[PDB]
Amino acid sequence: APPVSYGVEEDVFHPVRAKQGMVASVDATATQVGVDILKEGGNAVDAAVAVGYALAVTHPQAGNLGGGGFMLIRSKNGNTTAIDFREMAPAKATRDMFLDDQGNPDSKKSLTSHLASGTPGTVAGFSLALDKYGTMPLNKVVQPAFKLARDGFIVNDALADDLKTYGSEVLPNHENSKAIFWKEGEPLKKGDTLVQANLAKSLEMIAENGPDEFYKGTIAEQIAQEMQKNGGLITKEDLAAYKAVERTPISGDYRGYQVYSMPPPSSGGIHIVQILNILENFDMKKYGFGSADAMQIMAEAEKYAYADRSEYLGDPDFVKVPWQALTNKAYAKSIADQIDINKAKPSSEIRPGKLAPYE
């Protein structure tokens, strides 16, 4: 591996520089909430949870309380861990629940109906992390988001454009959703103020009673009712049974650098490590960025990885994932030998690899 570059005055693109703390997010307001939290003495986890709650207000597109996700934490002392707060399918979920009368998947049911929802884990995930690795009480990291919800904030270009483009397809089709994000028959426009009184109440109750408010409190009741009255499956039992889970990160070594990422239920970590393992056999530096060869090699490596993804990946609590074989350097080497720098192998000739000799 060649020497690293933190950036110099001659570069075309310059990174933002700071000497103490830093936050990078998709939203200016959320980023500033994170920075204020660090300035107030909170650690990375505290700031991270504050940002997560802030985005649930300022970036309804993806920031959320009703979704799920993953968190990677690495302490100054080197301890690296992963937090799995991915949604859980309802207890009443069935294998063929999304198939029509002809046995064909109905995208409408898995994307726009009340059946498309998994039990939310974001609130549980943030509390598990805050409690064990944070230093601030939940109420303090939630407050910034609470104010944004209660007092409102200005709709910017990103939100206005997303409401118009993606929001128009689902938001106006639900009375409660329309009452919040639509105004005078149209989506909120740039410059308008978005106040979310109901969300502020939910946030206030979570800050006051803790995560139980969401999973066993008034919020859980509101979710279960929304489902029960509209053909959904999430019940109070589902919410009461949800649990965020701390898992061991998936990791590898690439030219002396150690890479840590998410383990199953995520496929990300495994395949990033696998692909890096494949690329390690090539002098990537030599070819350089934007070079036909570098792209050829990476394109091919990727094919083999996604092929395996379709076969061996799933919720580790239900299926055994051959992560050792998939991240095995010998296996990666065998894939690397199949890579022709001058001819691409059709996805038709590529199938999930045989892992037996690496297990």
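Sequential numbering from 1, following the sequence displayed.
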Next on the checklist: Tell me which stretch, 59-67 or 318-326, has the higher mean Cα B-factor listed in the entry.
Outcome noted: 318-326
Checklist entry - Averaging C-alpha B-factors over each stretch, which comes out higher, 289-297 or 25-33? => result 289-297
Item to check | Top Cα B factor in the deposited entry, candidates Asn198, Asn209, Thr80, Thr193 | outcome: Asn209
Item to check | Among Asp96, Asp157, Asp253, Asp151 - the residue whose C-alpha B-factor is largest in the record | outcome: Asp96
Next on the checklist: Ranking every modelled residue in this chain by its Cα temperature factor as given in the entry, which third contains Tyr215?
Outcome noted: middle
Next on the checklist: Looking at the temperature factor on the CA atom of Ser267, which third of the chain's modelled residues does it land in?
Outcome noted: highest
Next on the checklist: Among the modelled residues of this chain, does the Cα B factor of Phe282 put it in the lowest, middle or highest third?
Outcome noted: highest
Checklist entry - What third of its chain's C-alpha B-factors does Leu38 belong to: lowest, middle or highest? => result lowest
Item to check | Third of the chain, ranked by Cα B-factor, where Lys164 sits | outcome: middle
